[PDB]
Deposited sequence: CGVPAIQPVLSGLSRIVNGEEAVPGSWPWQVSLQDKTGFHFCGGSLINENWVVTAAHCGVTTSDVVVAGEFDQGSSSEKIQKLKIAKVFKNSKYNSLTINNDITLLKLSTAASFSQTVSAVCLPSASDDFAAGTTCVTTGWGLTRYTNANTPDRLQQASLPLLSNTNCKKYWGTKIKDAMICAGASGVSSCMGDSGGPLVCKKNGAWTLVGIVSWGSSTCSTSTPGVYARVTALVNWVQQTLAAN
């Protein structure tokens, strides 16, 4: 896991404004979530061939579809896999008012076929420590909501939560992590999309997009579900199902 067959290319432009186009296929765990009508509404991250992790406030149901292997949501001609969702597992500690514990697992009806462009991100272990100021990457089609249609990427630093609440106050909970406010927006990530940091040569899912600066401010950090606080729940779910 965590080692794309097509290695990402991150320039300086990923560190300012709205980041930059990703190399096609270079974030192979990134998926698009499309409802019954084909409309792309969230992101998520493959963690093996049968499971996708995303955000609970996305409100995914089984009528929605996981789209894997995509790069250009405007293209008509890239080998992608539309995968049916058999069952949705919303983390029952999800607080829809605070959006704390904002994680949901999708179990696929049929397995995804991993390939150069489709494979798993590594999950952190519960105890991993992704220090404040670590450069990390969010990717997604988030700027679609208004405009590019190819996958974007942005490098942005993590914040400690003590430091993140100077921006969001008491909204920032324990199972949350923030990143950005360093002159680069975080709106390129979709709701439910990944925030990955490169530990031990392998990209690890550190956050799931929860909410962002209302104005896509380059001086306001984005807020993510802290994956370390929820990977035990992720594993127990996979173990029981």
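- Comparing the deposited sequence with the modelled residues shows one gap only, at 147-150, with numbering starting at 1.
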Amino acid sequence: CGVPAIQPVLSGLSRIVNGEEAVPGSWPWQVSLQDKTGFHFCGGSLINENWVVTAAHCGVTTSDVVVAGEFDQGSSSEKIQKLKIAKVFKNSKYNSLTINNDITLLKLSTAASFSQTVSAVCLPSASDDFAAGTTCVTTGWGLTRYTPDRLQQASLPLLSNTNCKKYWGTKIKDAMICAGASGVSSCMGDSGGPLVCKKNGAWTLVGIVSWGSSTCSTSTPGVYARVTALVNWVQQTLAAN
From here on, numbers count along this sequence of modelled residues.
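Think of the rigid core as the biggest set of C-alphas that the two forms share within 1.5 Å after superposition.
- Annotation: of the segments 211-219 and 62-70, 211-219 departs further from this form in 8 other deposited structures of this protein (C-alpha atoms, root mean square over structures and residues, core superposition).
- Averaged as a root mean square over residues and superposed structures in 8 other deposited structures of this protein, CA distances to the shown form are larger in 184-192; the pair compared was 184-192 and 39-47 with a core fit.
- Across the other entries compared, at least a third leave residue 15 without coordinates even though the residues on each side are present.
- As the entry records it, the average C-alpha temperature factor is higher for 77-85, out of 114-122 and 77-85.
- Across 151, 143, 137, 105, the entry's maximum B-factor at the CA atom is seen for 143.
- Annotation for residue 182: C-alpha temperature factor in the highest third relative to the rest of the modelled chain, per the entry.
- Ranked against the other modelled residues of its chain, the C-alpha B-factor of residue 39 as given in the entry falls in the highest third.
- In the PDB entry, a CA B factor belonging to the middle third of its chain's modelled residues is recorded for residue 59.
- When the CA B factors of the chain's modelled residues are split into thirds, the value for residue 49 lands in the lowest one.
- In this PDB entry, residue 190 carries a Cα temperature factor that places it within the lowest third of its chain's modelled residues.
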